[PDB]
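Just one chain follows, in the form deposited in one PDB entry, and it is written as structure tokens.
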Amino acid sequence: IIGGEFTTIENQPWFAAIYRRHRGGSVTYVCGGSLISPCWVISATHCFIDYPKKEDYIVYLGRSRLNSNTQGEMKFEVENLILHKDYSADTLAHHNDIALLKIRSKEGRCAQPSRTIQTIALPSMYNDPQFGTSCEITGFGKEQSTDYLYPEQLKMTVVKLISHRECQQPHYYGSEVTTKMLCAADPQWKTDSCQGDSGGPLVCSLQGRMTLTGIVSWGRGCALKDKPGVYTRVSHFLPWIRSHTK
């Protein structure tokens, strides 16, 4: 997250921190995700496509920090890693950048709600906030494009939803952006998602309910003028989510 503010997991208790274990056994951060039901985390396919094997991954819930443990955190293996069969990648503009991880602990259990672990509601079909609405994004991604390290402390920021018509302008993203994607950015371009934020939540309050409107997907650099963050438009994938979570 470029700009924005530090946070703890209490302020985004559905945030899932996804890591991968290497041959060698080193564990490194991969991507963010969101808990949509006790057994299911939603994320982005591009996070996983290079390494599509479920044994490779570990999911934490209730975790506020990247490389240290948070009190009360839960650790999960990935029982099933479901990638969207219509995924594709452009130079960068991934289509259908959505993935599902069925989580279960070593003791064969799913998530147990607590002060630090909660689910996020899905939107109703094709029901998004109007353009200009302020929404929030959360992640452990870079704080500056030039950074080598990821922040040790979770971050969040606010971005405003951009209309498809605005985002499809050639000086924005042209044909790279589809109606199944959502653009969001700061009016000053001063804050944004960045590398390592992929798969994480874009959350909007829609009719008084906190809602998983988007999933961090792609962008041309970070916090650059005319170059918004791009998000998988969750309200366009409900049948896919519903079939695959059974």
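A residue's number is simply how far along the shown sequence it sits, counting from 1. Residues that one form lacks are left out of the comparison. Take the two forms, superpose them, and find the largest set of C-alpha atoms that agree within 1.5 Å; that set is the rigid core.
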When the Cα temperature factors in the entry are averaged, is it 34 to 42 or 202 to 210 that ends up higher?
202 to 210
Between 90 to 98 and 142 to 150, which has the larger average Cα B-factor in the PDB entry?
90 to 98
Check the PDB entry and point out which of 217, 193, 64, 26 has the largest C-alpha temperature factor.
26
Report the option among 135, 81, 121, 110 whose CA atom has the maximum B-factor in the deposited record.
110
Using the B-factor values recorded in the entry, state whether the Cα atom of residue 169 falls in the lowest, middle or highest third among the modelled residues of its chain.
highest
Tertile call for residue 104 (CA temperature factor, within chain, third-based) is the highest
Temperature factor at the Cα of residue 157, chain-ranked in thirds, falls in the lowest
Using the B-factors in the PDB entry, rank residue 177's C-alpha atom against the chain and give the third, lowest, middle or highest.
highest
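Not on display, but discussed next: the form deposited in another entry.
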Do any runs of 3 or more residues shift their CA by 2 Å or more between this form and the one not shown on a core fit, and if so, which ones, in sequence order?
23 to 25, 90 to 92, 207 to 209
